[PDB]
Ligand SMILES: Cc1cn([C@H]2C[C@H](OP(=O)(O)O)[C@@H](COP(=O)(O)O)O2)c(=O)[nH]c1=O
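Below, in structure tokens: the form solved without the ligand, a single chain.
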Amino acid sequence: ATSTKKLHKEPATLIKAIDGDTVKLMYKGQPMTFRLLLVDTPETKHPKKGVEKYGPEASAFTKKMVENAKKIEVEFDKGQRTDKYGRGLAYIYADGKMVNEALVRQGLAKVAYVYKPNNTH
């Protein structure tokens, strides 16, 4: 698992897949709109190409992977589980297939740069 500590993953219920990143899941009875950690798909930092988001395919693409899945898992990183906007930050696995991987590997998303300056700075 790369790390010695295996991060906390828990199953969730799929409510809807809005974007190709931003989706709504219900974990332990908590419905939250999640977005996929290390992924940046729907709203671009600043759409430079314009069609730099690929929203139509991306949002459909997530639906494909999540709706065909029997088991949907939300795994949280060492960053945060939740963000102030009331949106969750997770990696979504469909029976162990990380949807986040599929997005970037398909070129539908970019990895969201979580910033490490050097150490403390």
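Residue indices: 1-based, along the sequence shown.
Unshown form deposited with the ligand bound; subsequent notes refer to it.
- For the candidate set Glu57, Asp83, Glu75, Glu67, a heavy atom within 4.5 Å of the ligand in the deposited bound form is found for exactly one residue, namely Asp83.
- Mapping the unseen interface onto this chain, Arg35 counts among the residues with a heavy atom inside 4.5 Å of the ligand in the deposited bound form.
- At a distance threshold of 4.5 angstroms between non-hydrogen atoms, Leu89 is in contact with the ligand in the deposited bound form.
- In the deposited bound form, the ligand lies within 4.5 angstroms of at least one heavy atom of each of the following residues of 89-121: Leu89, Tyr113, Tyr115, in sequence order.
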